[PDB]
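> File name upload_38.cif; file contents mmCIF, C-alpha atoms and all ligand atoms; full text below.
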```
data_data
#
loop_
_atom_site.label_atom_id
_atom_site.label_comp_id
_atom_site.auth_asym_id
_atom_site.auth_seq_id
_atom_site.Cartn_x
_atom_site.Cartn_y
_atom_site.Cartn_z
CA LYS A 25 2.80 16.50 -0.65
CA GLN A 26 3.15 15.42 -4.33
CA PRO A 27 0.80 15.25 -7.30
CA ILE A 28 0.18 12.20 -9.50
CA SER A 29 2.37 13.75 -12.19
CA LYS A 30 5.39 12.93 -9.96
CA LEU A 31 4.82 9.18 -10.31
CA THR A 32 6.90 7.05 -12.69
CA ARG A 33 6.23 4.03 -15.00
CA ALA A 34 8.54 1.01 -14.99
CA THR A 35 8.53 0.82 -18.84
CA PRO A 36 6.88 2.81 -21.70
CA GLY A 37 4.21 0.09 -22.08
CA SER A 38 3.60 -0.32 -18.30
CA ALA A 39 -0.06 0.39 -17.61
CA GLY A 40 0.60 1.24 -13.94
CA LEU A 41 2.06 4.19 -12.06
CA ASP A 42 4.04 2.77 -9.11
CA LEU A 43 3.11 3.71 -5.50
CA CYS A 44 5.47 3.47 -2.49
CA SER A 45 4.74 3.38 1.23
CA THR A 46 6.12 6.34 3.09
CA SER A 47 6.41 4.34 6.35
CA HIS A 48 8.00 1.17 7.51
CA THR A 49 4.96 -1.01 8.37
CA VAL A 50 4.60 -4.61 9.67
CA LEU A 51 1.37 -6.48 8.79
CA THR A 52 -0.09 -9.77 10.06
CA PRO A 53 -3.27 -11.59 8.88
CA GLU A 54 -5.12 -10.90 12.20
CA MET A 55 -4.68 -7.19 11.63
CA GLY A 56 -7.11 -7.13 8.72
CA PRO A 57 -7.17 -4.24 6.17
CA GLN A 58 -4.67 -1.41 6.77
CA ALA A 59 -4.45 1.86 4.86
CA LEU A 60 -0.84 2.64 3.86
CA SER A 61 0.12 6.28 3.14
CA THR A 62 1.78 7.14 -0.17
CA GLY A 63 2.40 10.91 0.13
CA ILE A 64 0.76 11.21 -3.35
CA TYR A 65 -2.46 13.23 -3.73
CA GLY A 66 -5.33 13.60 -6.21
CA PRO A 67 -6.98 15.07 -8.31
CA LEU A 68 -6.54 13.23 -11.59
CA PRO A 69 -6.32 14.42 -15.19
CA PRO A 70 -9.63 15.64 -16.62
CA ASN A 71 -12.07 12.86 -17.77
CA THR A 72 -10.11 10.18 -15.93
CA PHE A 73 -10.43 8.22 -12.71
CA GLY A 74 -7.99 5.84 -11.01
CA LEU A 75 -7.81 2.19 -9.91
CA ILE A 76 -5.23 1.11 -7.28
CA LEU A 77 -4.09 -2.52 -7.85
CA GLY A 78 -1.35 -4.72 -6.40
CA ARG A 79 1.97 -5.35 -8.16
CA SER A 80 2.06 -9.03 -9.06
CA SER A 81 5.43 -9.59 -7.43
CA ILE A 82 4.05 -8.13 -4.18
CA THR A 83 0.82 -10.15 -4.32
CA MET A 84 2.88 -13.33 -4.79
CA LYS A 85 4.88 -12.42 -1.67
CA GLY A 86 1.70 -12.50 0.45
CA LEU A 87 0.54 -8.83 0.54
CA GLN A 88 -2.93 -8.40 -0.82
CA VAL A 89 -3.83 -4.91 -2.15
CA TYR A 90 -7.58 -4.43 -2.25
CA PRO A 91 -8.62 -2.70 -5.50
CA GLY A 92 -9.54 0.89 -4.79
CA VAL A 93 -11.32 3.62 -6.83
CA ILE A 94 -9.71 7.10 -6.97
CA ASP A 95 -12.39 9.61 -7.98
CA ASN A 96 -11.52 12.32 -10.51
CA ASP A 97 -12.00 15.12 -8.01
CA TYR A 98 -10.43 13.46 -4.97
CA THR A 99 -7.95 15.92 -3.41
CA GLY A 100 -6.79 13.87 -0.46
CA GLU A 101 -3.93 11.47 -0.07
CA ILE A 102 -4.00 8.25 -2.05
CA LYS A 103 -3.82 5.35 0.39
CA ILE A 104 -3.23 1.71 -0.35
CA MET A 105 -5.63 -0.71 1.34
CA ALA A 106 -3.55 -3.81 2.09
CA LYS A 107 -3.66 -7.08 4.12
CA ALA A 108 -1.02 -9.72 4.91
CA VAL A 109 -2.58 -12.88 3.53
CA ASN A 110 -0.98 -15.79 5.36
CA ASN A 111 2.27 -14.63 6.89
CA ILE A 112 3.97 -11.68 8.56
CA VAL A 113 4.72 -8.97 5.92
CA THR A 114 7.31 -6.20 6.43
CA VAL A 115 6.92 -3.15 4.15
CA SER A 116 10.00 -0.92 4.16
CA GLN A 117 9.84 2.81 3.53
CA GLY A 118 10.15 3.30 -0.22
CA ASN A 119 9.11 -0.22 -1.30
CA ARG A 120 6.73 -0.01 -4.32
CA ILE A 121 3.69 -1.91 -3.13
CA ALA A 122 0.82 -0.89 -5.54
CA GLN A 123 0.22 0.73 -8.88
CA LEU A 124 -2.21 3.38 -10.06
CA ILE A 125 -4.01 2.73 -13.35
CA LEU A 126 -5.77 5.61 -15.15
CA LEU A 127 -9.09 4.95 -16.86
CA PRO A 128 -11.65 7.02 -18.91
CA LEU A 129 -14.44 8.37 -16.77
CA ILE A 130 -17.69 7.82 -18.65
CA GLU A 131 -20.49 10.43 -18.31
CA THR A 132 -24.05 9.12 -17.67
CA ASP A 133 -27.31 10.84 -16.64
CA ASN A 134 -27.33 9.16 -13.24
CA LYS A 135 -28.50 11.58 -10.54
CA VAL A 136 -25.70 13.06 -8.40
CA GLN A 137 -26.39 12.63 -4.59
CA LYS B 25 -36.77 -4.52 -10.31
CA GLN B 26 -34.73 -1.39 -11.26
CA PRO B 27 -32.37 -0.49 -14.08
CA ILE B 28 -28.84 0.90 -13.70
CA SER B 29 -30.14 4.35 -14.61
CA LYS B 30 -31.77 4.46 -11.13
CA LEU B 31 -28.39 4.42 -9.39
CA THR B 32 -26.83 7.60 -7.97
CA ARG B 33 -23.26 9.04 -7.70
CA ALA B 34 -21.98 10.48 -4.42
CA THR B 35 -20.41 13.51 -6.22
CA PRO B 36 -20.15 14.73 -9.87
CA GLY B 37 -16.55 13.42 -10.06
CA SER B 38 -17.31 10.07 -8.33
CA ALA B 39 -16.37 7.26 -10.69
CA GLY B 40 -18.71 4.77 -8.98
CA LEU B 41 -22.45 4.16 -8.94
CA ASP B 42 -23.36 3.07 -5.38
CA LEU B 43 -24.98 -0.37 -4.76
CA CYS B 44 -27.03 -1.28 -1.65
CA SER B 45 -27.98 -4.66 -0.20
CA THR B 46 -31.69 -5.31 -0.23
CA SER B 47 -31.43 -7.67 2.78
CA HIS B 48 -30.11 -7.58 6.26
CA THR B 49 -27.22 -10.11 6.12
CA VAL B 50 -24.66 -11.32 8.72
CA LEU B 51 -21.29 -12.59 7.41
CA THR B 52 -18.44 -14.45 9.13
CA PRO B 53 -15.02 -15.46 7.68
CA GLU B 54 -15.89 -19.23 7.74
CA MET B 55 -18.84 -18.55 5.49
CA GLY B 56 -16.64 -17.74 2.50
CA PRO B 57 -17.97 -15.80 -0.55
CA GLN B 58 -21.66 -14.77 -0.42
CA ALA B 59 -23.66 -13.17 -3.21
CA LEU B 60 -25.65 -10.16 -1.94
CA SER B 61 -28.75 -9.05 -3.90
CA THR B 62 -29.02 -5.42 -5.03
CA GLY B 63 -32.42 -5.31 -6.78
CA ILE B 64 -30.60 -3.59 -9.70
CA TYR B 65 -30.50 -5.29 -13.12
CA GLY B 66 -28.50 -5.11 -16.36
CA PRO B 67 -28.09 -4.48 -19.32
CA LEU B 68 -25.65 -1.61 -19.54
CA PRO B 69 -25.38 1.36 -21.91
CA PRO B 70 -24.22 0.43 -25.41
CA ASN B 71 -20.41 -0.13 -25.81
CA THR B 72 -19.91 -0.35 -22.05
CA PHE B 73 -19.37 -3.06 -19.48
CA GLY B 74 -19.28 -2.88 -15.67
CA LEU B 75 -16.88 -3.59 -12.81
CA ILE B 76 -18.23 -4.07 -9.24
CA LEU B 77 -15.69 -2.88 -6.61
CA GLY B 78 -15.80 -2.31 -2.85
CA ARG B 79 -16.25 1.13 -1.27
CA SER B 80 -13.05 1.93 0.57
CA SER B 81 -14.83 2.72 3.81
CA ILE B 82 -16.51 -0.70 3.68
CA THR B 83 -13.29 -2.56 2.82
CA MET B 84 -11.59 -0.88 5.80
CA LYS B 85 -14.43 -2.12 8.04
CA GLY B 86 -13.60 -5.75 7.15
CA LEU B 87 -15.99 -6.57 4.25
CA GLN B 88 -14.16 -7.64 1.16
CA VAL B 89 -16.00 -7.18 -2.18
CA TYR B 90 -14.54 -9.42 -4.86
CA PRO B 91 -14.21 -7.52 -8.16
CA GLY B 92 -16.89 -8.68 -10.56
CA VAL B 93 -17.44 -8.19 -14.33
CA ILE B 94 -20.94 -7.13 -15.51
CA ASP B 95 -21.26 -8.01 -19.20
CA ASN B 96 -22.91 -5.51 -21.56
CA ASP B 97 -25.82 -7.81 -22.31
CA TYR B 98 -26.38 -9.22 -18.83
CA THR B 99 -30.11 -8.95 -18.02
CA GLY B 100 -30.12 -10.54 -14.58
CA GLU B 101 -29.74 -9.06 -11.15
CA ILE B 102 -26.42 -7.50 -10.22
CA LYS B 103 -25.09 -9.29 -7.15
CA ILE B 104 -22.22 -8.30 -4.94
CA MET B 105 -19.75 -11.09 -4.13
CA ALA B 106 -18.57 -10.37 -0.58
CA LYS B 107 -16.67 -12.00 2.34
CA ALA B 108 -16.13 -10.97 5.98
CA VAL B 109 -12.36 -10.81 6.24
CA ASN B 110 -11.50 -11.23 9.91
CA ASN B 111 -14.55 -10.45 11.98
CA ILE B 112 -18.33 -10.76 12.08
CA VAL B 113 -19.88 -8.24 9.60
CA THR B 114 -23.51 -7.08 9.78
CA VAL B 115 -24.91 -5.56 6.55
CA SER B 116 -28.18 -3.69 7.12
CA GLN B 117 -30.84 -3.33 4.44
CA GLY B 118 -30.00 -0.19 2.49
CA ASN B 119 -26.30 0.06 3.45
CA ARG B 120 -24.21 0.97 0.35
CA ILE B 121 -21.67 -1.82 0.19
CA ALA B 122 -20.20 -1.70 -3.40
CA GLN B 123 -19.98 0.55 -6.41
CA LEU B 124 -20.48 -0.04 -10.11
CA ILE B 125 -17.88 1.45 -12.47
CA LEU B 126 -18.66 1.76 -16.20
CA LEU B 127 -15.90 1.07 -18.71
CA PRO B 128 -15.55 1.08 -22.57
CA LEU B 129 -16.06 -2.33 -24.07
CA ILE B 130 -13.36 -2.85 -26.69
CA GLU B 131 -14.21 -4.87 -29.85
CA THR B 132 -11.68 -7.55 -30.95
CA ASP B 133 -11.86 -10.38 -33.51
CA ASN B 134 -11.75 -13.06 -30.83
CA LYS B 135 -14.10 -15.92 -31.69
CA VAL B 136 -17.42 -15.91 -29.79
CA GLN B 137 -18.14 -19.33 -28.08
CA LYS C 25 2.61 -21.03 -26.96
CA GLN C 26 -0.52 -19.06 -28.06
CA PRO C 27 -1.34 -15.39 -28.53
CA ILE C 28 -4.28 -13.53 -26.98
CA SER C 29 -6.07 -13.66 -30.34
CA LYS C 30 -6.64 -17.41 -29.70
CA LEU C 31 -8.88 -16.70 -26.71
CA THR C 32 -12.69 -16.88 -26.97
CA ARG C 33 -15.66 -14.92 -25.49
CA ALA C 34 -18.62 -16.73 -23.94
CA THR C 35 -21.14 -14.38 -25.69
CA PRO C 36 -20.89 -11.35 -28.07
CA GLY C 37 -21.52 -8.98 -25.13
CA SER C 38 -19.12 -10.77 -22.72
CA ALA C 39 -16.48 -8.29 -21.59
CA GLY C 40 -13.99 -11.06 -20.70
CA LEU C 41 -11.71 -13.39 -22.63
CA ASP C 42 -11.71 -16.74 -20.78
CA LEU C 43 -8.43 -18.20 -19.39
CA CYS C 44 -7.85 -21.90 -18.58
CA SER C 45 -5.24 -23.58 -16.40
CA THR C 46 -2.92 -25.84 -18.33
CA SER C 47 -2.27 -28.02 -15.24
CA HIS C 48 -4.26 -29.95 -12.76
CA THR C 49 -3.60 -28.04 -9.50
CA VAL C 50 -4.83 -28.50 -5.88
CA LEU C 51 -4.97 -25.38 -3.66
CA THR C 52 -5.50 -24.96 0.10
CA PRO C 53 -5.81 -21.70 2.12
CA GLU C 54 -2.42 -22.25 3.89
CA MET C 55 -0.71 -22.30 0.52
CA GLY C 56 -1.31 -18.60 -0.07
CA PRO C 57 -1.10 -17.03 -3.59
CA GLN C 58 -0.18 -19.41 -6.44
CA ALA C 59 0.53 -18.46 -10.04
CA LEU C 60 -1.36 -20.73 -12.47
CA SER C 61 -0.03 -21.10 -16.04
CA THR C 62 -2.36 -20.42 -18.98
CA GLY C 63 -0.16 -21.13 -22.02
CA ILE C 64 -1.34 -17.72 -23.38
CA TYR C 65 1.22 -14.95 -23.98
CA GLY C 66 1.30 -11.17 -24.44
CA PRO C 67 1.69 -8.59 -26.03
CA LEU C 68 -1.69 -6.94 -26.36
CA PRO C 69 -3.31 -4.94 -29.16
CA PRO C 70 -1.85 -1.46 -29.61
CA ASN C 71 -3.10 1.21 -27.10
CA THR C 72 -4.55 -1.44 -24.79
CA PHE C 73 -3.60 -3.11 -21.54
CA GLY C 74 -5.18 -6.06 -19.72
CA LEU C 75 -6.83 -6.83 -16.37
CA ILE C 76 -7.11 -10.47 -15.16
CA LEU C 77 -10.25 -10.99 -13.00
CA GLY C 78 -12.03 -14.03 -11.55
CA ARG C 79 -15.12 -15.58 -13.14
CA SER C 80 -17.98 -15.07 -10.72
CA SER C 81 -18.94 -18.74 -10.71
CA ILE C 82 -15.35 -19.63 -9.75
CA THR C 83 -15.12 -16.95 -7.04
CA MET C 84 -18.36 -18.27 -5.53
CA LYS C 85 -16.84 -21.76 -5.44
CA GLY C 86 -14.02 -20.52 -3.15
CA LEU C 87 -11.15 -19.69 -5.58
CA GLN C 88 -10.05 -16.12 -5.32
CA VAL C 89 -8.30 -14.62 -8.39
CA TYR C 90 -6.25 -11.59 -7.45
CA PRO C 91 -6.70 -8.81 -10.03
CA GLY C 92 -3.61 -8.55 -12.18
CA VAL C 93 -2.34 -5.93 -14.68
CA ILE C 94 -1.06 -7.16 -18.09
CA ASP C 95 1.15 -4.44 -19.57
CA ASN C 96 0.82 -3.62 -23.28
CA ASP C 97 4.33 -4.80 -24.08
CA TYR C 98 4.44 -7.87 -21.85
CA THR C 99 5.73 -10.81 -23.93
CA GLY C 100 5.75 -13.51 -21.28
CA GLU C 101 3.13 -15.99 -20.23
CA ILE C 102 -0.06 -14.70 -18.65
CA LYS C 103 -0.41 -16.28 -15.23
CA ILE C 104 -3.39 -16.27 -12.95
CA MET C 105 -2.67 -15.36 -9.32
CA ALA C 106 -5.12 -17.43 -7.26
CA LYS C 107 -5.81 -18.55 -3.65
CA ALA C 108 -8.22 -21.10 -2.14
CA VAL C 109 -10.26 -18.98 0.23
CA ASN C 110 -11.69 -21.34 2.84
CA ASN C 111 -11.60 -24.86 1.49
CA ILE C 112 -9.57 -27.26 -0.62
CA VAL C 113 -9.91 -26.28 -4.34
CA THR C 114 -9.14 -28.67 -7.22
CA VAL C 115 -8.49 -27.01 -10.61
CA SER C 116 -8.60 -29.49 -13.50
CA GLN C 117 -6.62 -29.02 -16.69
CA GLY C 118 -8.80 -27.00 -19.04
CA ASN C 119 -11.14 -25.48 -16.42
CA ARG C 120 -11.74 -21.76 -17.20
CA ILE C 121 -10.69 -20.04 -14.01
CA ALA C 122 -10.18 -16.31 -14.94
CA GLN C 123 -10.97 -13.82 -17.65
CA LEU C 124 -8.90 -11.21 -19.43
CA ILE C 125 -10.48 -7.77 -19.89
CA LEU C 126 -8.98 -5.31 -22.40
CA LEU C 127 -8.84 -1.63 -21.51
CA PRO C 128 -7.60 1.63 -23.20
CA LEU C 129 -4.09 2.54 -22.20
CA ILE C 130 -4.03 6.27 -21.50
CA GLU C 131 -0.85 8.26 -22.36
CA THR C 132 0.46 10.71 -19.70
CA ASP C 133 3.74 12.65 -19.35
CA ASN C 134 4.83 10.63 -16.34
CA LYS C 135 8.56 9.89 -16.49
CA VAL C 136 9.45 6.35 -17.62
CA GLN C 137 11.89 4.60 -15.15
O1 LIG A 201 -7.71 2.33 -2.28
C1 LIG A 201 -8.21 3.47 -2.18
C2 LIG A 201 -9.59 3.71 -2.39
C3 LIG A 201 -10.05 5.03 -2.24
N1 LIG A 201 -9.19 6.05 -1.85
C4 LIG A 201 -9.76 7.40 -1.73
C5 LIG A 201 -9.89 8.05 -3.14
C6 LIG A 201 -11.37 7.88 -3.42
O2 LIG A 201 -11.83 8.91 -4.27
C7 LIG A 201 -11.96 8.04 -2.04
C8 LIG A 201 -13.37 7.47 -1.92
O3 LIG A 201 -13.31 6.07 -2.10
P1 LIG A 201 -14.59 5.20 -2.45
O4 LIG A 201 -15.76 5.86 -3.00
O5 LIG A 201 -14.23 3.85 -2.83
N2 LIG A 201 -14.94 5.17 -0.89
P2 LIG A 201 -16.37 5.42 0.02
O6 LIG A 201 -17.59 5.20 -0.87
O7 LIG A 201 -16.34 4.68 1.33
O8 LIG A 201 -16.37 6.98 0.43
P3 LIG A 201 -17.21 8.18 -0.31
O9 LIG A 201 -18.62 8.15 0.26
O10 LIG A 201 -16.45 9.44 0.06
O11 LIG A 201 -17.31 8.00 -1.82
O12 LIG A 201 -11.07 7.38 -1.15
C9 LIG A 201 -7.86 5.79 -1.64
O13 LIG A 201 -7.05 6.66 -1.31
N3 LIG A 201 -7.39 4.49 -1.78
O1 LIG A 202 -19.83 -9.54 -9.05
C1 LIG A 202 -20.53 -9.94 -10.01
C2 LIG A 202 -19.98 -10.63 -11.11
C3 LIG A 202 -20.86 -11.05 -12.13
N1 LIG A 202 -22.23 -10.84 -12.02
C4 LIG A 202 -23.07 -11.30 -13.14
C5 LIG A 202 -23.01 -10.27 -14.31
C6 LIG A 202 -22.06 -10.96 -15.27
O2 LIG A 202 -22.34 -10.58 -16.60
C7 LIG A 202 -22.40 -12.41 -15.05
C8 LIG A 202 -21.31 -13.37 -15.52
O3 LIG A 202 -20.16 -13.17 -14.73
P1 LIG A 202 -18.72 -13.67 -15.16
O4 LIG A 202 -18.48 -13.97 -16.56
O5 LIG A 202 -17.68 -13.14 -14.31
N2 LIG A 202 -19.10 -15.12 -14.59
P2 LIG A 202 -18.94 -16.72 -15.18
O6 LIG A 202 -17.86 -16.77 -16.25
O7 LIG A 202 -18.85 -17.73 -14.07
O8 LIG A 202 -20.33 -17.06 -15.93
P3 LIG A 202 -20.61 -17.01 -17.54
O9 LIG A 202 -20.11 -18.32 -18.12
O10 LIG A 202 -22.12 -16.84 -17.66
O11 LIG A 202 -19.86 -15.88 -18.25
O12 LIG A 202 -22.63 -12.56 -13.65
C9 LIG A 202 -22.75 -10.18 -10.93
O13 LIG A 202 -23.95 -9.95 -10.80
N3 LIG A 202 -21.88 -9.77 -9.92
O1 LIG A 203 -2.05 -11.55 -12.74
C1 LIG A 203 -1.04 -11.22 -13.41
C2 LIG A 203 -0.36 -10.00 -13.20
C3 LIG A 203 0.77 -9.73 -13.99
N1 LIG A 203 1.23 -10.67 -14.91
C4 LIG A 203 2.41 -10.30 -15.71
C5 LIG A 203 1.99 -9.35 -16.87
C6 LIG A 203 2.43 -8.00 -16.34
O2 LIG A 203 2.75 -7.13 -17.40
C7 LIG A 203 3.67 -8.37 -15.56
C8 LIG A 203 4.08 -7.32 -14.53
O3 LIG A 203 3.07 -7.24 -13.54
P1 LIG A 203 2.94 -6.00 -12.57
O4 LIG A 203 3.56 -4.75 -12.92
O5 LIG A 203 1.69 -6.05 -11.82
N2 LIG A 203 4.06 -6.67 -11.64
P2 LIG A 203 5.47 -6.09 -10.86
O6 LIG A 203 5.38 -4.58 -10.68
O7 LIG A 203 5.82 -6.90 -9.64
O8 LIG A 203 6.69 -6.35 -11.89
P3 LIG A 203 7.37 -5.25 -12.89
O9 LIG A 203 8.39 -4.48 -12.07
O10 LIG A 203 8.01 -6.09 -13.99
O11 LIG A 203 6.37 -4.25 -13.46
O12 LIG A 203 3.38 -9.61 -14.93
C9 LIG A 203 0.55 -11.86 -15.10
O13 LIG A 203 0.90 -12.70 -15.92
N3 LIG A 203 -0.56 -12.12 -14.31
MG MG A 204 4.92 -3.28 -12.36
MG MG A 205 -17.79 6.23 -2.77
MG MG A 206 -17.88 -15.40 -17.94
#
```
Let me see whether you can do it: turn the structure in this file into structure tokens.


Amino acid sequence: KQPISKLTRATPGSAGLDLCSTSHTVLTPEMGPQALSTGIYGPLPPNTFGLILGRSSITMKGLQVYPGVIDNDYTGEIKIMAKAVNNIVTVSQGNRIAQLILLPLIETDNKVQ
Amino acid sequence: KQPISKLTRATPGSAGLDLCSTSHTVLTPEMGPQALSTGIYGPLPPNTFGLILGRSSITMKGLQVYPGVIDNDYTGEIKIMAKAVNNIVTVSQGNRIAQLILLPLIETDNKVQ
Amino acid sequence: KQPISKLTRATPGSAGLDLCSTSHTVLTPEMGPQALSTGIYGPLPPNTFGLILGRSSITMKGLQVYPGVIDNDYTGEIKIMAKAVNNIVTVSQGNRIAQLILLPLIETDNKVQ
């Protein structure tokens, strides 16, 4: 069980923190959305929230990551919502399949609940 | 006809403002993208713009929300662009089906028009 | 070969910088994800990164743009990852098919590599 601080960037100017799948998983289009486990857990740095996005090279290989919001105070496991687009997709354990982007969390006076 | 300030957050640390559908709508994959009405209207707080994203629990139930940009000065109704992925999806009136995230709008010297 | 500074906004309050396709391209659902060329190149302004998103009017016409991350220091050509959802889609040369959003790039102590 690892915190976000254990993630790595591909390059200093890379916006994304790479996320791997902890299981070998096979996906087909008729399966629809599947939640892949990452072994990485929230919460995020103060005043930030997260967006999970696909890696372009993975998207182009037929695995669609659906954009997901990670709330600042989420303490569960970060999962990747993914679907094979057209073809059979095989995700091996340790393949980097998504990236976490950190964004400023803006305060508003919207009521909470 | 309601402003964004009428939206609520699920929790203090929730990044998203929840959006409901004001109509009962049935969606099938062969329908392609449909724009669902929310009864909520722009514009946004100064120096901000919006992103519409799916709720994870809704995505996992087979309703794909396509990420949408809400411009700072948009004064129309916020619509959710959505598609049933694999199966028949029934949206009831009042179901929260998307979330609005607020982001900083960066100024640049790009020409306007 | 053009820099991001050559892009235009539709309106002063438009969050997105519009991206065109430099080729006439036909897309069908069975083709899966295709990378469309824009003739626009990174890198981005300092302390920023990019997100490529669909235009709503294009999404509603059946062309799905998959959200893409443009890293701050990317110096290659910005491509649009796109898929025809349900129907045959014809992209003409010069049609604006996506938009680039600029976001703050947050520094963290995550290891780089
Ligand atoms: O891709 C994702 C999306 C969300 N999550 C987690 C983190 C996020 O804080 C949490 C809640 O997600 P959303 O608000 O998008 N989901 P939903 O509105 O269905 O649940 P809730 O009512 O708890 O907010 O689910 C992931 O692990 N992966
Ligand atoms: O999911 C969305 C996306 C956009 N919208 C509205 C708000 C946004 O400001 C407006 C314009 O959207 P985009 O720029 O993405 N659309 P497009 O480029 O086709 O139209 P325009 O030329 O007016 O900018 O449409 C929604 O209500 N829901
Ligand atoms: O839609 C996109 C997405 C990315 N790109 C370019 C810019 C981005 O900096 C670069 C790398 O994209 P990602 O990190 O999402 N891709 P991936 O992780 O597969 O490659 P890398 O290992 O180089 O980071 O590809 C586009 O031109 N269009
Ligand atoms: Mg990458
Ligand atoms: Mg939520
Ligand atoms: Mg536009």

> What residues of the protein or nucleic acid chains come within 9 Å of ligand LIG 201 (chain A) when you use only C-alpha atoms and all ligand atoms? Reply as a PyMOL selection string.

(chain A and resi 59-62+65-67+73-77+89-106) or (chain B and resi 33-35+37-40+42+77-84+120-123)

> Would you mind exporting the chosen residues as a JSON list (two decimals), in the coordinates of the input, restricted to C-alpha atoms?


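To be explicit, this is the file written out as out31.json:
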```json
[["chain", "number", "residue", "atom", "x", "y", "z"],
["A", 59, "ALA", "CA", -4.45, 1.86, 4.86],
["A", 60, "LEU", "CA", -0.84, 2.64, 3.86],
["A", 61, "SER", "CA", 0.12, 6.28, 3.14],
["A", 62, "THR", "CA", 1.78, 7.14, -0.17],
["A", 65, "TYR", "CA", -2.46, 13.23, -3.73],
["A", 66, "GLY", "CA", -5.33, 13.60, -6.21],
["A", 67, "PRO", "CA", -6.98, 15.07, -8.31],
["A", 73, "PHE", "CA", -10.43, 8.22, -12.71],
["A", 74, "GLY", "CA", -7.99, 5.84, -11.01],
["A", 75, "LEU", "CA", -7.81, 2.19, -9.91],
["A", 76, "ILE", "CA", -5.23, 1.11, -7.28],
["A", 77, "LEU", "CA", -4.09, -2.52, -7.85],
["A", 89, "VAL", "CA", -3.83, -4.91, -2.15],
["A", 90, "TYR", "CA", -7.58, -4.43, -2.25],
["A", 91, "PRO", "CA", -8.62, -2.70, -5.50],
["A", 92, "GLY", "CA", -9.54, 0.89, -4.79],
["A", 93, "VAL", "CA", -11.32, 3.62, -6.83],
["A", 94, "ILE", "CA", -9.71, 7.10, -6.97],
["A", 95, "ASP", "CA", -12.39, 9.61, -7.98],
["A", 96, "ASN", "CA", -11.52, 12.32, -10.51],
["A", 97, "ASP", "CA", -12.00, 15.12, -8.01],
["A", 98, "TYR", "CA", -10.43, 13.46, -4.97],
["A", 99, "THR", "CA", -7.95, 15.92, -3.41],
["A", 100, "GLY", "CA", -6.79, 13.87, -0.46],
["A", 101, "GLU", "CA", -3.93, 11.47, -0.07],
["A", 102, "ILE", "CA", -4.00, 8.25, -2.05],
["A", 103, "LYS", "CA", -3.82, 5.35, 0.39],
["A", 104, "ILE", "CA", -3.23, 1.71, -0.35],
["A", 105, "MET", "CA", -5.63, -0.71, 1.34],
["A", 106, "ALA", "CA", -3.55, -3.81, 2.09],
["B", 33, "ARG", "CA", -23.26, 9.04, -7.70],
["B", 34, "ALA", "CA", -21.98, 10.48, -4.42],
["B", 35, "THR", "CA", -20.41, 13.51, -6.22],
["B", 37, "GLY", "CA", -16.55, 13.42, -10.06],
["B", 38, "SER", "CA", -17.31, 10.07, -8.33],
["B", 39, "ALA", "CA", -16.37, 7.26, -10.69],
["B", 40, "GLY", "CA", -18.71, 4.77, -8.98],
["B", 42, "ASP", "CA", -23.36, 3.07, -5.38],
["B", 77, "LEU", "CA", -15.69, -2.88, -6.61],
["B", 78, "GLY", "CA", -15.80, -2.31, -2.85],
["B", 79, "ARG", "CA", -16.25, 1.13, -1.27],
["B", 80, "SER", "CA", -13.05, 1.93, 0.57],
["B", 81, "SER", "CA", -14.83, 2.72, 3.81],
["B", 82, "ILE", "CA", -16.51, -0.70, 3.68],
["B", 83, "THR", "CA", -13.29, -2.56, 2.82],
["B", 84, "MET", "CA", -11.59, -0.88, 5.80],
["B", 120, "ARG", "CA", -24.21, 0.97, 0.35],
["B", 121, "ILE", "CA", -21.67, -1.82, 0.19],
["B", 122, "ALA", "CA", -20.20, -1.70, -3.40],
["B", 123, "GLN", "CA", -19.98, 0.55, -6.41]]
```

> Within 10 Å of region 52-56 of chain A, counting only C-alpha atoms, which residues show up once you throw out same-chain ones fewer than 3 positions away? Write them as an MDAnalysis selection string, please.

(chainID A and resid 86:87 105:114) or (chainID B and resid 83:87 109:111)

> Calculated over all atoms listed in the file, which of the candidates C:51, C:115, C:125, C:130 has the smallest distance to ligand LIG 203 (chain A)?

C:125

> Rounded to one decimal, what separation in Å do you get between CA of residue 124 (chain C) and CA of residue 43 (chain C)?

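Pair CA of residue 124 (chain C) / CA of residue 43 (chain C) returns 7.0 Å.
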
> From the set C:57, C:69, C:27, C:36, which residue has the shortest atom-to-atom contact distance to ligand LIG 202 (chain A), counting all atoms listed in the file?

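Counting all atoms listed in the file, the residue closest to ligand LIG 202 (chain A) is C:36.
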
> Have a look at CA of residue 50 (chain C) and atom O3 of ligand LIG 203 (chain A) and let me know their distance in Å, one decimal.

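The value is 23.9 Å.
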
> Just to confirm, what's the straight-line distance from atom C6 of ligand LIG 202 (chain A) to CA of residue 49 (chain C) in Å (one decimal)?

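These two atoms are separated by 25.8 Å.
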
> Please provide the set of residues having any atom within 8 Å of residue 118 (chain C), restricted to only C-alpha atoms, with same-chain residues fewer than 5 positions apart removed, written as an MDAnalysis selection string.

chainID C and resid 44:47

> Of the candidates A:32, A:117, A:72, A:26, which shows the shortest atom-to-atom distance to chain B, using all atoms listed in the file?

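Nearest candidate to chain B out of A:32, A:117, A:72, A:26: A:72.
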
> Name the closest residue to chain B among the candidates A:41, A:116, A:134, A:30; distances are taken between atoms, counting all atoms listed in the file.

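Answer, going by the shortest atom-to-atom distance: A:134.
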